[PDB]
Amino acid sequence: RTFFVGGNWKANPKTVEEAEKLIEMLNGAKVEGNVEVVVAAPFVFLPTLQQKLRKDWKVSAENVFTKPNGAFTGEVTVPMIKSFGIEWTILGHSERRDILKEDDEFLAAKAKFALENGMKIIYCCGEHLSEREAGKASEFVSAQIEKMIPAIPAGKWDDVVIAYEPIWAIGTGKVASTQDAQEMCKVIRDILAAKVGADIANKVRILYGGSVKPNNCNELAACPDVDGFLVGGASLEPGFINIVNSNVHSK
């Protein structure tokens, strides 16, 4: 499976000038090994990112709606994104599930519509503190993946990437170890194998989407079931390149 690194800028930077500076930085980075790099940015910066970003990397939206267009004030749709030539979106990020109240049925509908319309998706999942403390992480995560599975059309698993977020380690006072990341990526892979078969499970990139930095990316990349990263704050910094280049430690 080709190592995969997505840079999620989240709601940053504040200005188009800063977005442009950051893109110029990314454009000059020397990538080593073999890695698929995707960069996700706020909607209003997507046109400039699409125009200016190095052509060997791909741009991603950070969310889309469930419909092609219509009476959905404030929402951006798959056709709009594709009209710029953008091929990816993130879906189901913990911040949207939590702050913006997106539920599993909404997210399944987005995955279905996105894929049926030629998009590739980075679909996020992961359990909260109480399920982690109860030792019920795999059950929680399995229920999420099981909502996702029926949305994937036949022949589209090549267009699906899954990101595991250890939400239990985000603003909770607990930290995730390298072994935690490996264990949950493997839990997801096994759920896929059981539910949709080994051939799909062996192809789907599963990413670690907890805290990824230059000081922990090499050890994380080396975990056998970690196929890359959905990077948060380091996406905005020169250390993003170290994370991209961690692929040489994954086999």
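Don't overthink the numbering: it's just position in the shown sequence, from 1.
**Student:** Please compare 6-14 with 19-27 and say which has the higher mean C-alpha temperature factor in the record.
**Tutor:** Comparing averages over the C-alpha atoms only gives 19-27.
**Student:** Mean C-alpha B factor from the entry: is it higher for 35-43 or for 211-219?
**Tutor:** Higher mean C-alpha B-factor in the PDB entry: 211-219.
**Student:** Highest CA temperature factor in the entry: which of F113, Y123, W168, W157?
**Tutor:** Across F113, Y123, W168, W157, the entry lists the biggest C-alpha B-factor for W157.
**Student:** For the C-alpha B-factor as written in the entry, point me to the maximum among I90, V161, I152, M119.
**Tutor:** In this record, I152 carries the highest C-alpha B-factor of the candidates.
**Student:** Would you mind ranking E102 by its C-alpha B-factor against the rest of the chain and naming the third, lowest, middle or highest?
**Tutor:** Middle third.
**Student:** Where does the C-alpha B-factor of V141 rank in its chain, lowest, middle or highest third?
**Tutor:** For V141, whose C-alpha B-factor we compare with every modelled residue in the chain, the answer is the highest third.
**Student:** Ranking every modelled residue in this chain by its Cα temperature factor as given in the entry, which third contains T172?
**Tutor:** Highest third, going by the recorded CA B-factors of the chain.
**Student:** Lowest, middle or highest third of the chain for the C-alpha temperature factor of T66?
**Tutor:** It belongs to the lowest third of the chain when residues are ordered by C-alpha B-factor.
**Student:** Where does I81 sit by CA temperature factor within its chain: lowest, middle or highest third?
**Tutor:** For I81, whose C-alpha B-factor we compare with every modelled residue in the chain, the answer is the middle third.
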